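Order of appearance sets the numbers: ligands from 1, and atoms from 1 within every ligand. Numbering of residues begins at 1 and proceeds along the displayed sequence. When reading the values below, keep in mind they use all heavy atoms of this one structure, side chains included, and skip hydrogens, waters and symmetry mates.
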Amino acid sequence: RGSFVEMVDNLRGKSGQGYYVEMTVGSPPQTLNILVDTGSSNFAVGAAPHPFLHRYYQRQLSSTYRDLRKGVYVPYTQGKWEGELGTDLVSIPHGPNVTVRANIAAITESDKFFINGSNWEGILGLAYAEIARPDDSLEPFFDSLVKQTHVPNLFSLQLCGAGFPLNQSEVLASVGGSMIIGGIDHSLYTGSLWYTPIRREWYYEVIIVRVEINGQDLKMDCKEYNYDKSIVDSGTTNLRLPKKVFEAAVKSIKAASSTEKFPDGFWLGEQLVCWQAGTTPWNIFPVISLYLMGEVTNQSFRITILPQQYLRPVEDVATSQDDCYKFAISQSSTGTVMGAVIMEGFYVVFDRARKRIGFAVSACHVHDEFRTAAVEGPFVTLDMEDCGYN
Ligand SMILES: COc1cnc(C(=O)Nc2ccc(F)c([C@]34CN(c5ncc(F)cn5)C[C@H]3CSC(N)=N4)c2)cn1
């Protein structure tokens, strides 16, 4: 049974551009599309004209707006935003039937933040206060929602990748998945949910205990997999791996697929590869399994993704009927990031109340008739806390 019909299919967008939910801010309500980001903790919206914004938050038009008289500056690797802190009334039209007074960063300047044609105007940081800017005293949206309402302290995400390119028109008209606020919808997954502990409440931090490529153990010291952390992050496209893990994984993926040779630019994520329509050789590419620490002592489980997850469909540079893709596994110097590449395979339950993350095979994951994504267990694994980096 699906018990959250109101919230099923409330997401739009794709990998590379981002999955967003409709929200309203202010009185009278101002509608905005908001990127869902489990990898940050600020609620921040465009609040001034920008070339890539079709609309923005107008604080002067909101009778319920409150100025906190405080600036916020958020530099990150590939860009930045800055703005002014305030509070206002916020609702999610395809969400729980509640209105909350939440912190809002009104973005007045940004660099490489807004994406042309993504159709979103702001970001919903769903992680914990520890990583909020300017500091942990700025209560994140979800904490406000839970404190002010009877909504259970849990949300779940089904991100639905298309498996083929969507153009401007198609992304608008299409369903990109579900964010179920306050519950778990049984219609969004098949098989069992398996839970991994949230190691610490800042990012959604987890512990990977083993990595396999087509069943072959990558055979690295498990600390390497979590150096300097492993996180579940809907605001990142790629599966991102620590440098040494990336090198080892790519060598193994190349060996598994060695019946075809791909240029270095492909493996670096820089260059697309194209096949004649319908002929993508999925079967030459390996499955990838991540083993996660279980809830029971000395137990683990595994999640397994297909090339249909880690090869990202792209529109051809020279318009044709070819099926074209980029490699969406990449190097990290900030630990493992389980981005949309992982998340598109799975229904992911962010069980904040019980400090755990649940995984189940997504009812919308892309596959062929020969192989599917999997969530399987249990496995007997030892010394797993040792896999955590300090
Ligand atoms: C499913 O495919 C996807 C998913 N997401 C996107 C996308 O455009 N994400 C996005 C855009 C801007 C942005 F700033 C971010 C951030 C906000 N960050 C942040 N915010 C506050 C802070 F204190 C520290 N870092 C870091 C930064 C890069 S990684 C992340 N998780 N979130 C994500 C595209 N395709």
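- Close to ligand 1: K14, with a non-hydrogen atom less than 4.0 angstrom away.
- Within ligand 1, the atoms closer than 4.0 Å to a non-hydrogen atom of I131 are 23 (F), numbered from 1 in the order shown.
- For the pair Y76 and ligand 1, the shortest N or O to N or O distance does not fall below 3.5 Å.
- Among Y195, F155, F359, the single residue meeting the ring-ring contact (aromatic ring centres under 6.0 Å, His included) criterion with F350 is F155.
- Only the side chain of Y19 comes within contact range of ligand 1, with a heavy atom under 4.0 Å; no backbone atom does.
- An N or O contact shorter than 3.5 Å links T237 to ligand 1 by distance.
- For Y325 and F262, the ring centers sit 6.0 Å or farther from each other.
- Numbered from 1 in the order shown, with element, the atoms of ligand 1 that lie under 4.0 Å from a heavy atom of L35 read 9 (N), 10 (C), 11 (C).
- Proximity to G235 (heavy-atom distance under 4.0 Å) selects the following atoms of ligand 1: 4 (C), 5 (N), 6 (C), 7 (C), 9 (N), 10 (C), 29 (S), 30 (C), 31 (N), 33 (C).
- Contacts of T38 with ligand 1, taken as heavy-atom pairs under 4.0 Å, are absent altogether.
- Each of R59, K70, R69 was scored for a salt bridge (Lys or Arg N to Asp or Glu O under 4.0 Å) with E84, with one residue passing: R59.
- For the pair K244 and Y227, the NZ or CZ position fails the cation-pi test of under 6.0 Å to the six-membered ring centre and within 45 degrees of the ring normal.
- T237 and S15 share no side-chain donor-acceptor pair at under 3.5 Å.
- No side-chain N or O of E205 forms a donor-acceptor pair with one of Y128 less than 3.5 Å apart.
- A side-chain contact (heavy atoms from CB on, under 4.5 Å) with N226 is found for one member of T336, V245, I208, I231 and no other, namely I208.
- Under a 4.0 Å criterion applied to the non-hydrogen atoms of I115, ligand 1 contributes the atoms 8 (O).
- Not a single heavy atom of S118 sits under 4.0 Å from any atom of ligand 1.
- Every atom of ligand 1 with a heavy atom of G16 under 4.0 Å away is listed here by number and element: 2 (O), 3 (C), 34 (C), 35 (N).
- Ligand 1 places these atoms under 4.0 Å from at least one heavy atom of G18: 3 (C), 4 (C), 34 (C), 35 (N).
- Evaluation of the salt bridge (charged side-chain N to carboxylate O under 4.0 Å, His left out) test over residues 297-308, restricted to residues two or more places apart or in two chains, returns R302-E376.
- Contacts between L159 and ligand 1, counted as non-hydrogen atom pairs separated by less than 4.0 Å, are absent for every part of the residue.
- Other residues, nucleotides and ligands contribute only 12 or fewer heavy atoms inside 6.0 Å of the CZ atom of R66.
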